[PDB]
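Beneath this line is the structure, given in structure tokens, with notes to follow.
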Amino acid sequence: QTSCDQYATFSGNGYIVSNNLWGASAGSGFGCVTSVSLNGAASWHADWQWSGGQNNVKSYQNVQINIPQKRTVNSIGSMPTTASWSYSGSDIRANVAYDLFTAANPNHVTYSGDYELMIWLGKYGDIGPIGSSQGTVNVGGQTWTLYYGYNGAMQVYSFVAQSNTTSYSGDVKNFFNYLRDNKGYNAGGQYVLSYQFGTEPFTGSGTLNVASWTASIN
Ligand SMILES: *[C@@H]1O[C@H](CO)[C@@H](O)[C@H](O)[C@H]1NC(C)=O
């Protein structure tokens, strides 16, 4: 179904589709989400139009999987995911990105953490991640530009693709393993709180169509 309410959600099987217009106050416009099918893989789209607050994210419309029981990164064997998506719109300044929070405390709220991992498959416009570039790295056979910074007490690692990766297959464990083995990330003590995929828009008009999305924690 469709809704434009700030915190609308639609649930089906193991997926939740959310409007999550948390930064609406920073600009003028709207955001709506439509959940098409949530049996097996997820199909949904996000629609929006925003002006003002040039460098402020307006929302993170997204799909995510349910994670009733939190587990440490090292305990998880694989975090496979596939994505098929395309953007349409005008003057788009937005990304297409996975977002995952982890914390040492398994009971931490699931909308923040000690760390945030982002994987940007798409990026339109001049925008960039929080923090500064740590150079390029190879993960799962694809090259990414790695960024690092702080959002309050939360450390944020964002891996950005070198082109718009509209058809993707990977394993998010490869990214956690890179941080564990190269940046001192304590995978043995951090629990995965969320596993989400969506878009952060700044300004413009756009529709993110997600034709297919899957993810799991195994
Ligand atoms: C997405 O495509 C546009 C134009 O082809 C480009 O400006 C932008 O950098 C691309 N994003 C990524 C992640 O490479």
Side-chain angles (χ1 to χ4, degrees), residues 2-11 15-36 42-64 83 85-101 109-113 115-133 144-161 163-166 193-211 213:
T2 301
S3 183
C4 307
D5 293 341
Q6 179 172 33
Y7 293 112
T9 66
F10 298 106
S11 304
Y15 301 106
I16 304 176
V17 167
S18 307
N19 212 195
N20 183 216
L21 307 187
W22 65 265
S25 72
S28 300
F30 72 87
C32 305
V33 290
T34 293
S35 174
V36 172
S43 179
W44 66 285
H45 54 265
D47 298 79
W48 52 266
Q49 183 183 337
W50 295 108
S51 74
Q54 200 67 15
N55 301 306
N56 296 130
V57 168
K58 306 300 191 293
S59 59
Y60 179 58
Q61 291 161 308
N62 70 276
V63 60
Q64 70 183 303
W85 66 269
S86 61
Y87 241 118
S88 183
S90 302
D91 299 315
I92 304 179
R93 287 177 65 252
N95 69 23
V96 177
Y98 287 89
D99 207 19
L100 301 89
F101 294 115
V109 292
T110 63
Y111 57 72
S112 64
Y115 291 83
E116 172 182 15
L117 165 61
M118 306 192 75
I119 301 163
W120 294 31
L121 300 190
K123 186 180 93 151
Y124 291 98
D126 13 1
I127 64 162
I130 302 163
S132 72
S133 178
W144 309 87
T145 296
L146 184 57
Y147 292 72
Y148 171 66
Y150 280 88
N151 184 180
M154 189 172 327
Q155 296 168 260
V156 186
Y157 283 104
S158 308
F159 295 71
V160 184
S163 62
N164 295 276
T165 306
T166 57
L193 308 180
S194 76
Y195 194 166
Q196 326 182 231
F197 179 80
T199 173
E200 297 184 308
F202 289 82
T203 61
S205 288
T207 297
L208 173 62
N209 185 69
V210 177
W213 189 74

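We count residues from 1, following the sequence as given.
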Check whether [X] reaches the backbone of [Y] with its side chain - one donor and one acceptor, N or O, closer than 3.5 Å.
{"X": "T165", "Y": "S163", "answer": "yes"}
{"X": "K58", "Y": "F202", "answer": "yes"}
{"X": "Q61", "Y": "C32", "answer": "yes"}

Identify the heavy atoms of [X] and [Y] that sit nearest to each other, and give their distance.
{"X": "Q49", "Y": "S205", "answer": "CG-OG, 3.3 Å"}
{"X": "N62", "Y": "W44", "answer": "CA-CH2, 3.5 Å"}
{"X": "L193", "Y": "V109", "answer": "CD1-O, 3.4 Å"}
{"X": "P201", "Y": "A94", "answer": "CA-CB, 3.7 Å"}
{"X": "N164", "Y": "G122", "answer": "OD1-CA, 3.3 Å"}

How about [X] and [Y]: do any of their side-chain heavy atoms sit closer than 4.5 Å?
{"X": "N19", "Y": "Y7", "value": "no"}
{"X": "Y98", "Y": "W213", "value": "yes"}
{"X": "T199", "Y": "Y87", "value": "yes"}
{"X": "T9", "Y": "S18", "value": "yes"}
{"X": "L146", "Y": "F159", "value": "yes"}
{"X": "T34", "Y": "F10", "value": "no"}
{"X": "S11", "Y": "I16", "value": "yes"}

task = With sequence neighbours excluded, tell me which residues meet ring pair (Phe, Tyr, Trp, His ring centres under 6.0 Å) with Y147.
result = none

message = Which residues pass the ring pair (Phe, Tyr, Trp, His ring centres under 6.0 Å) test with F101, not counting sequence neighbours?
response = none

message = Please report the interatomic distance OG(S88) to NE2(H45), rounded to the nearest 0.5 Å.
response = 11.5 Å

remark   = Rounding to 0.5 Å, atoms CD1 (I119) and CG (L117) come to a distance of 4.5 Å

query = Only one of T203, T207, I92 forms a side-chain contact (heavy atoms from CB on, under 4.5 Å) with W48, so which one is it?
reply = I92

ask   = Does atom OH of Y111 have more than 12 heavy-atom neighbours, drawn from other residues, nucleotides or ligands, at distances under 6.0 Å?
value = no

key: More than 12 heavy atoms of other groups within 6.0 Å of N56 CG   = yes

request  = Evaluate side chain to side chain contact (heavy atoms under 4.5 Å, CB included) for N20 paired with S59, printing each intermediate quantity in order.
outcome  = CA-CA 6 Å; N20 183 216; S59 59; over 6 Å; no

message = If you apply the rule side chain to side chain contact (heavy atoms under 4.5 Å, CB included), what do you find for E200 with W120, and how did you get there?
response = CA-CA 10 Å; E200 297 184 308; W120 294 31; 4.3 Å; yes

request  = Classify the angle between the aromatic ring planes of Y157 and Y115 as parallel (below 30°), tilted (30 to 60°) or perpendicular (above 60°).
outcome  = parallel

ask   = Got a sec, which pairs hit salt bridge (charged side-chain N to carboxylate O under 4.0 Å, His left out) with one end in residues 119-132, sequence neighbours left out?
value = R93-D126

message = As a quick check of understanding, evaluate side chain to side chain contact (heavy atoms under 4.5 Å, CB included) for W85 and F197, giving each step before the final call.
response = CA-CA 11 Å; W85 66 269; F197 179 80; 3.9 Å; yes

